[PDB]
4 protein chains.
Amino acid sequence: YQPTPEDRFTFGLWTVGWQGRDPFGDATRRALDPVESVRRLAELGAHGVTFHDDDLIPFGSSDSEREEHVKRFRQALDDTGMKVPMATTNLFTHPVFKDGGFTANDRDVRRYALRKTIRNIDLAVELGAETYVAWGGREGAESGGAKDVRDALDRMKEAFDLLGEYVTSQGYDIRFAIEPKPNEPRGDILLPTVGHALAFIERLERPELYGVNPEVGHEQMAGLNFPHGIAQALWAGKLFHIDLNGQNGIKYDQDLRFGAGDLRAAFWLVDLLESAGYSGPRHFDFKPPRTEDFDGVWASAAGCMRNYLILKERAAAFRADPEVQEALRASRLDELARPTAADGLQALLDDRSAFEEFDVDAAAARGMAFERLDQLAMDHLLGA
Amino acid sequence: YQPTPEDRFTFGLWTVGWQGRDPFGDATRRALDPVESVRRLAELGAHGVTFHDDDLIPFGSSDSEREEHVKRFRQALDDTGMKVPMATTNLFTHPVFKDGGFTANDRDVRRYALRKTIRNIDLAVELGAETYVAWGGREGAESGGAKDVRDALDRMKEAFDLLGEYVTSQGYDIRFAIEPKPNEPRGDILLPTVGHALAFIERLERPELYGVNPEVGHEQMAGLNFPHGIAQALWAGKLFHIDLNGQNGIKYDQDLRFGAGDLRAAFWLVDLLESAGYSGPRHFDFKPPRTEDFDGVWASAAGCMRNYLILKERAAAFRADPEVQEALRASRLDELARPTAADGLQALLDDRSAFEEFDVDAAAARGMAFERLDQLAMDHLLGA
Amino acid sequence: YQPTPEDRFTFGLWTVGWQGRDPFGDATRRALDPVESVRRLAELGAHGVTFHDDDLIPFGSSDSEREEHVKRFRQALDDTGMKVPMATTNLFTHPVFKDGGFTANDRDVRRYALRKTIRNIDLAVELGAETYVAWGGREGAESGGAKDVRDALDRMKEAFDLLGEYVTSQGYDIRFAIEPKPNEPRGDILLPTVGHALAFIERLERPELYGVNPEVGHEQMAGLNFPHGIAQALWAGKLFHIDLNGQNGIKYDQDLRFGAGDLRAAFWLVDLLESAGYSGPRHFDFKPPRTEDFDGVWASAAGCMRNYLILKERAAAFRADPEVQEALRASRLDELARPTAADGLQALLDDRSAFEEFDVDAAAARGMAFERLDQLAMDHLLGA
Amino acid sequence: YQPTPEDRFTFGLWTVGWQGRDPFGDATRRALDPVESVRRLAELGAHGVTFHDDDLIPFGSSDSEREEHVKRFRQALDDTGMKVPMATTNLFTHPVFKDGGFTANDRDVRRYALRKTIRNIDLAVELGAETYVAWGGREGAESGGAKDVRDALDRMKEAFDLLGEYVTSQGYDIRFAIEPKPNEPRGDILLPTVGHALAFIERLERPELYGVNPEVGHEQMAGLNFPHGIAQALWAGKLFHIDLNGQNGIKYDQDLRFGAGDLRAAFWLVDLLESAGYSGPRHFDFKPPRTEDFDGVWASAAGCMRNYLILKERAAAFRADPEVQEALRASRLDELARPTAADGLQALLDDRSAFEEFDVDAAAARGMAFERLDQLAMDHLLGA
Ligand SMILES: [Mg+2]
Ligand SMILES: [Mg+2]
Ligand SMILES: [Mg+2]
Ligand SMILES: [Mg+2]
Ligand SMILES: [Mg+2]
Ligand SMILES: [Mg+2]
Ligand SMILES: [Mg+2]
Ligand SMILES: [Mg+2]
């Protein structure tokens, strides 16, 4: 289960670089130089790294300092072969964003948020990023009157439309991915789930430029089925990117290493991604727990990739197993993939076997055989 | 706080008619004749009733029995002035639907589900219903392999597209409303939230025919902010109908009377519905707790309407209060409603006050004054 | 992974016998004769069965009918070698219990509840049960004023104290196990978690007669860590019985087969039970999903046992692995088991190395190496 | 609704002093001098303040610096009349506590944790505190193998037993209150609920010295009914202290101002506290949202007290209302308070009206009238 750059595993600078500050505790780890993280991640078999602007260039940096930070980073990329497939903007850490970036009540903040984003889009394109992620972590509210959500969605649409106009005007070959999260750090975050983000995208001026960057743990913070949400994103043609991690149910955003948290959901996710031929980066947005020293950081990052590869093997073995293929037919997964009424509406209406002569009791008595199928899945997951 | 038919309060037959059977207990109340529920609800000030096909016509009824059940119902409507603004299909109670209706793995069940739906659409139109609700309570899964969600969404789209073709072909002036629910009775239900349903609608052949019928408790079963979800539905122009009830957080679907559960969310919901001028029925999908006898049933139904009317008064007083209007300006809700960059992208890019000369620290120091605003909201809610 | 009666796997009659009625659907399976379930479970390798009174003897049965039902059951036990290690009372299905049994507001219902319980205690003892489970599924409330919880706890204590007096007065060698559940079918259930039940037991007149019967899914309905709760029950010496099943997070009580739901929690549970030498029955309180026919029922029941046995193997391999034993030392699990201050309070107070001369920064820099340990656990779970 | 020191409202220094650092953002507010918070809180009508050691004395302070910080604080208390009813230890912020204080795997850390606690107990007693709170926020785990919970409970018991020995040996008139929290900042925290803490206390050497300090939001992070948990704590005689705040369901610990979050739960809490004659401090453990400037901080703190006082008025009006008193009798709350079987076990067994002659159907048909009662409660809450 050794990862290669072929597997397209990517990590955010902020992931292995998380110093371990949480709402109740100081940092337990010193800051990592991005150059060192690139080197270490390349040694582990990562394909690339991702960054917020403020991960790479400290907020408030001069243009010459910005120059220097990028050149050092680019040299590390050249030295390692690491790619930068995705970049994003930090519109959540600085106090100015305390009420949001794109949907801050203050108009001048929203304008600043856009300008900060645009500057990093240019850098992202320069570094070869194909996807630009937007996580509006501060877009939302703790109280009902603070945020008229219709106005805020107007502002959110306006911001994304202007970004789309910007990338079009520049001829950039980059697409946007909206990363939903239901809550934290705001009491409720706008576009809280994959579904809300998908629906929002359809109201943008150029919907083709926008997809979703769902995160395992974020959908699970709403108790939702992450593979189901990913399937809907795939069905819509909008799975531009994905954030992999672990989460133990409905609580604060844990960002455990991938495979931790809901392991069976991870299995079904990998099954779906591989079956659907998802070709984008397998990006880990995780935090090595603050209990860990730097050896634990790299162990946790390695485990992200290891668990993906183990689940990939098990999911492939599951789907390739002739006994499973028979069980899938026994459960009529093949019939699910057949049109209900390719014969059309009138033929359906005239079809007495569909209603007047339909034996509802004989159909009702047919067991779905889902439990045998699921135990085969369990056996495959466990290597049993 | 006396409701009138003007207030458009509607109730499902299955609500006050719930006999109190839950997963662990037998019925505590005898069945209600729909005619009696119409009469009793009219006496309480309801505007109308809604029904599943199987609420009104017992499953398996002959055409003559169906005739008789409808005529008796129509006479009660004529006797009371009650309307039927919405109807829906029971595709969840009968064992034949144990794996779904529209997305059952068995093709013959999916065809039956459509035929059962179409027959009730005709009846709905005959009775004057403007909205036809679809709650796919059995569409989903308990295990990952039982349901290929992409195929299931194909089947769901196919079903809704055929229904849209049917109503168009018939010239019916009826629209569809998809009612999301995250789980229960399936382990996960497809289209689990308002967002997922809104996104799905955009992939239908005639999206204009479809909106959402969100339910308070259902979004709260995912820990989501129901007023936020309603605002997004309104923003999309898709709030065709709404189900009002109460829910105490993330657990089984309680269907408490409206105002029970999350009371402040109910306040903000009423505020939003009234502010946005939502003109559809205020429909209660609730269950009088099985502790109650029939007097408790009507008390609970009356309380649904009473609580809406109290919250409506309090929300109106909140918005009309000049001190609140000043607080809203203090929190810059007015600025939220102003375009971020009506001057356009180039003007934004050339605007040094938006970035180079933006004083981020002075902007960051501005308090949002949300807590004063929210306490005014609290004072208004409590009549303090 | 073939179960034997040695493994002490037990099943409730109501589990494989669940007809599949849920809040939104009719039964999908015919009733099972308890005699057939005993036979079928014995064939699968079960050790025994458990029952509510009303599972075995239909409510309202005459004494001669009761006689006949028990004799038939006893013959099936004799025919199969199956034991009955646990019995319990149905104080939740009949409408009379709609507000509880032991804590119903109506005094006459509480007296009936006790008499119904006592009659089944006699039968339980006759059939050889060692543990008598109490699941107060109806003890609770949907609204705040319906139930004064202090009075209800008084009534609950009174009921359990009288049951303890009864078994003592009769010389019965049976102990009681309180089964907590946070909610469903009541909006909130009294004694909602293992902790609340453990705390309550300490206020009973004869605490030694009472322990807990925690259920995997029930603690997970509160988002709690089930192995942690079991560890506290073991630490208290109160793990008299355990209900094994699966649950996908905070939602309605799914009662999935064991190993489904949170698989890693199942691993850590089995690890703990086996490490602690828990010698009681491994009881499955699960429901074969109503999608299933009877073949699916027995497949699901078999999978309960299979998954326990697989996890048992993996947990044993984990603990036996010298690399894991080294990792446990690296994470200082050995130091956790050493007393903090066996030298006593005064020695601690005089120990300058414990404070004045304690190098907090050197201690803080020590990584816990938990992530390497957890990935070894993952590798062992997955057979990697 | 003006608070007076009579109302015993207390605030932690860390509450109004929270600088607004959250997992995704920097501080939005400058640090508050504790002297200024005491002054400002006294002006608002607070009765007193509480503190962690590290709130009052910066970690690493010299004895002379510690001297100075305490003297300045004591002068502010003398200047304002403010009391310090409760103190606690910060065993969670410093990196040394990353795996816990009392249950850290490292023995030397556990010894340090105790010594740090003992030093602050002395200061607490000097300042007049009656209750010493222990919130073991770092006691727990993110992974199953990191923490043997039985060993950890041994260590937790050992620590609390040594603290009890210490206060006894010193003759201090102070009691301990364990503050449960289910999770955050650890993935799972030991003693996660009021129930677990109550059960744990019963295993301590001197249980009479220990009670619970439940927090509204913490129990609601497990989806539990906070008034129910408080009632059990009162029933056990263990409600030594209480932390009041608001929480919107199962998510990260919001620490909203009291009355925010679940408003009806706040109503029922106040009803219970006032009805039971709880005489301890009404302590607010809340965080003014980081959107706020200092005016918003004091507005939020004032709203804590205001909402308590409004709910107190409404709960008193509810209980004093003769129509409610009649409704309580209609729902048989009076019968709930009567013993089930004061006549004793034998009389119960011989009572044919309790079983053989009990009319279960007539009892079952009696409505509980809970919905009318709850709507009266709603009307009273809303001032309707
Ligand atoms: Mg995350
Ligand atoms: Mg992410
Ligand atoms: Mg519902
Ligand atoms: Mg509904
Ligand atoms: Mg259960
Ligand atoms: Mg159970
Ligand atoms: Mg808190
Ligand atoms: Mg607290």
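Conventions adopted
- Residues numbered from 1 in each chain as written, not as in the entry; some residues may be left out.
- Chains lettered and ligands numbered in written order.
- Heavy atoms only, no water.
- UniProt positions renumbered as here; feature names shortened; annotations may be inferred.
- Helix = DSSP H or I, 4+ residues; strand = E, 2+ residues; numbered from the N terminus.
- Buried < 20%, exposed > 50% of the residue type's maximum accessible area, 1.4 Å probe, protein only.
- Contact = heavy atoms within 4.5 Å.
- Least-squares fit on C-alpha atoms.
- Polar contact = N/O pair within 3.5 Å; in protein donor to acceptor, adjacent residues only side chain to side chain.

- Method-wise, the PDB entry is recorded as coming from X-ray crystallography, at a reported resolution of 1.7500 Å.

- The PDB entry lists chain A under the name Xylose isomerase, from Streptomyces rubiginosus.
- Its official PDB title, as written in the record, is "Crystal structure of glucose isomerase by fixed-target serial femtosecond crystallography".
- Among the UniProt annotations of chain A, the heading Catalytic activity holds the following wording: "alpha-D-xylose = alpha-D-xylulofuranose".

### As for the side chain of B:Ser61
Residue and element names in this part refer to chain B.
Line of reasoning, step 1. Assignment of secondary structure puts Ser61 in the loop between α3 (53-56) and α4 (63-80).
Line of reasoning, step 2. The class of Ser61 is buried, set by a relative accessible area of 18%.
Line of reasoning, step 3. Not counting residues up to four positions away in its chain, the partners in contact with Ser61 are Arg66 and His69.

### Some points on the relation of the copies chain C and chain D
Line of reasoning, step 1. Superposition of chain C onto chain D requires a rotation of 180 degrees combined with a translation of 0.0 Å along the rotation axis, giving an RMSD of 0.0 Å. The transformation relating the two chain copies, once decomposed into turn and shift, fits a two-fold axis.
Line of reasoning, step 2. In this assembly, 100% of the residues forming the interface of chain C have copies in chain D that are likewise at the interface, indicating an isologous arrangement.

### Section: the UniProt feature "active site" in chain A
Residue and element names in this part refer to chain A.
Line of reasoning, step 1. The sites that carry the UniProt feature "active site" are, in the present numbering, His52 and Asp55.
Line of reasoning, step 2. Here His52 shows up in strand β2 (residues 48-52).
Line of reasoning, step 3. For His52, a relative accessible area of 7% corresponds to the buried category.
Line of reasoning, step 4. With residues up to four places along the chain from it excluded, the contact list for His52 reads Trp14, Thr88, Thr89, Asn90 and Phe92.
Line of reasoning, step 5. For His52, the side chain forms a polar contact with the side chain of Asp55, separated by 2.8 Å.
Line of reasoning, step 6. Relative to the assigned elements, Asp55 resides in helix α3 (residues 53-56).

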